[PDB]
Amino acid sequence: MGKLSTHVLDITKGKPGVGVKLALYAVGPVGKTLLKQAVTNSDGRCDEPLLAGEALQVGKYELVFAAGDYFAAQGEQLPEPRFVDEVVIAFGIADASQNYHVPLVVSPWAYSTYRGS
């Protein structure tokens, strides 16, 4: 069974992003539907897969990371609106049998994502 997972990495300290609030949305033609909310654990991942089994369906999604609140909780005092506040990763799942690992490699001034393994 394919599963959707994520991983937040803080490249300002080379450490997992701990406590990063995130939300998963299913995206359709008329609107978006919240599927799940989660908080990254001590390894920067989620204790449970964001989607697994029959819940992982072919479609379009959005992973929204509260990266700005995280860096503010780490002591960063940045002028608002921060350049990196809520990071929105829009992506599509075309094959429900394959795993989809969509991490976030983020600083207050940069971020990158990819389809990992």
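Residues carry their position along the shown sequence, with the first being 1.
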| request: Compare the mean C-alpha B-factor of 81-89 with that of 50-58 as given in the PDB entry, and name the stretch with the higher value. | output: 50-58
| query | Which is higher in the entry, the mean Cα B factor of 103-111 or that of 21-29? | reply | 21-29
| Is the Cα B-factor recorded for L63 in the lowest, middle or highest third of its chain? | lowest
| request: Divide the modelled residues of the chain into thirds by Cα B-factor and specify which third, lowest, middle or highest, holds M1. | output: highest
